[PDB]
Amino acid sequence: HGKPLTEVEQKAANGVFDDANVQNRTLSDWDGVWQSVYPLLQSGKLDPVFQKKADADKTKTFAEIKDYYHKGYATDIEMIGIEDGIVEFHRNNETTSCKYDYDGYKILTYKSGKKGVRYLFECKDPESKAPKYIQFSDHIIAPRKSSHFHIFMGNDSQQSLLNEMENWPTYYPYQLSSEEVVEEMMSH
């Protein structure tokens, strides 16, 4: 399940790192078949996660937490498959795909002061119907296989996506059982 993170990596994941620490990554870091976690939230299976967080965070109610993740996870792209430079999106019973080109990364500084890195990709295949712009965010700032990721998709501009803060379709390995998904969110 991937090597334990170093102190640096753990800090980075927690939004603490300096620009010089950030490095470029390849689309292969996200290779695999991924499932959207939105269904688990709609089914109530993620409730134990929000229950735990609410008991731990006296300033947040269960509803506030679940609502945060509700806005965050919402999506109709149930599955995402990534292989050999091609990202494919499954919305309902229809698929779109593009051989995305890497456009680099962007380091964002959040209103709370914490930081995070977005890895940008762009679709330049005119026949494609997939999103023109996409961004991966997974609490990682240097080459390493992702364990789960948040993806931003759009057709206007990369800046537009950088402006997004509430919706972020989240994906975990398709092979991962639902019980393991809950464990990972609660255990980290």
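Residue positions are given as counts along the sequence shown, with the first one as 1. If you superpose the two forms and keep the largest set of C-alpha atoms that fall within 1.5 Å, you have the rigid core.
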query: Greater root mean square CA deviation, 5 to 13 compared with 18 to 26 in 6 other deposited structures of this protein, core aligned; finding: 5 to 13
query: Segment of greater CA departure in 6 other deposited structures of this protein, 58 to 66 or 130 to 138, core superposed; finding: 58 to 66
query: Residue stretch of maximal mean CA temperature factor, 177 to 185 vs 1 to 9; finding: 1 to 9
query: Comparing 29 to 37 with 127 to 135, the one whose average Cα B-factor in the PDB entry is higher; finding: 127 to 135
query: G81, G104, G113, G72, ranked by C-alpha B-factor: the highest one; finding: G113
query: Ranked against its chain, the third holding the CA B-factor of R144; finding: middle
query: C98 CA temperature factor, ranked by third within the chain; finding: highest
query: Chain-wide C-alpha B factor ranking for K52, given as lowest, middle or highest third; finding: middle
